[PDB]
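Two forms, one chain: they're shown below as structure tokens, one block per form, named structure 1 and structure 2.
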Structure 1
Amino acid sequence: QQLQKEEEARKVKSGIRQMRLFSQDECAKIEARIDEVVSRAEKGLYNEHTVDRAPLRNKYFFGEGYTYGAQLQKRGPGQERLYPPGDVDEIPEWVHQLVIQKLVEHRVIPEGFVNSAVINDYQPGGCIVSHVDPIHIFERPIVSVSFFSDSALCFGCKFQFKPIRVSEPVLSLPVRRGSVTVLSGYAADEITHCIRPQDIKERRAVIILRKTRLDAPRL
């Protein structure tokens, strides 16, 4: 039914906020700090679980990190876990001053909301498989700031492998460098979101800021 597809896409749009908030100079300053994050990881200055490496995507966990995918035995809903307290490195002060301060000042999230800053560094062709950020781990909303290039955030995609094949998205949301994305409601809880390899044509980094639940399970 045209009525059915229009309703779900309407539901997904309802949970999406997106606006330009960082200028080119401000991205350049933050992107430089992101490059230093990569350098410190390759110098071994970070705790073991702070750095999660994959062929075309690295995750740098600060404040709070999580286990996902192949790191889970008997993967299923509710099987994700936080690392033990103090395991991952602290949120860097430049993340507090440059990124979170602007979000708090521009009323994107309340002050003291963020306790987890995760940086996803995508190499050209990189992706992340369709998923819902664990409801048992993270409070809503989910805030992310994009850097180094423009891309798209797709919703409701189905992944096939060998080779990687992605079905037609329910919604493709262009995310540009310096743009802030806020997910809530249906867009965050009742539909998966992903980024496709065809959307990453250059190196792209995104800083994801969240609040972990009080009852969030740890390892």
Structure 2
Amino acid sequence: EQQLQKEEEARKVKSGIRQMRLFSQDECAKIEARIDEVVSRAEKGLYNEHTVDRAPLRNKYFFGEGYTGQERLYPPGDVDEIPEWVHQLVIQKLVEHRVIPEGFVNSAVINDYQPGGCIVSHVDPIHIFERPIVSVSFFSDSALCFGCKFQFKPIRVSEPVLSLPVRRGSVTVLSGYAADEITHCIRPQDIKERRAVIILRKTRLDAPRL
């Protein structure tokens, strides 16, 4: 049956996921206030054009490096640099906890979700980003789904291969099978209240530029 295939796939996805709670209630509160500062600055028109991407239920803020399966890296300096508080409050903690080495992160993206927000099935562009992919969830708890046939064929398949809880203050690290061989997504029903995520990545040298 398809039950053995779904279990073997989930096994493979799991081996590409590492997760741990690194940030306390207070550390989150400090970072969450800084994320609110970023939303204000965007609204004040203080950022470069390509720094901010506005969409109905979700907003994206690109720092260090940003982009538009033919994604392209904007020319150097076209997006705002990674704010100091990100280096100080987020990247440092990860470096101290041996999640990623120092100097690795050149790209930080903040996704800001409304309740009812979602991300459609995708693979983090392999031509743009190196692995691993690190992400830290903030305002509330949610879930990350892997294997996303269901978003398009809910008749033939009603569930993802795997759902991963992403609680406030947790660090999720994706590599191998989980980052390369399978799509991920977030379902609208899994975002009940406001949610933000900071995604920390290194871009590839040969990432096709504009």
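Residue numbering: structure 1 sequence, from 1. In this text, the rigid core denotes the largest set of C-alpha atoms whose superposition between the two forms falls within 1.5 Å.
Put simply, after the core is superposed between structure 1 and structure 2, 158 is the one residue in 176, 158, 29, 43 with a Cα shift of at least 2 angstroms. Core-based superposition between structure 1 and structure 2 puts the Cα shift at residue 167 at 3.9 Å. Structural comparison between structure 1 and structure 2 after rigid-core fitting shows the C-alpha of residue 143 displaced 0.2 Å.
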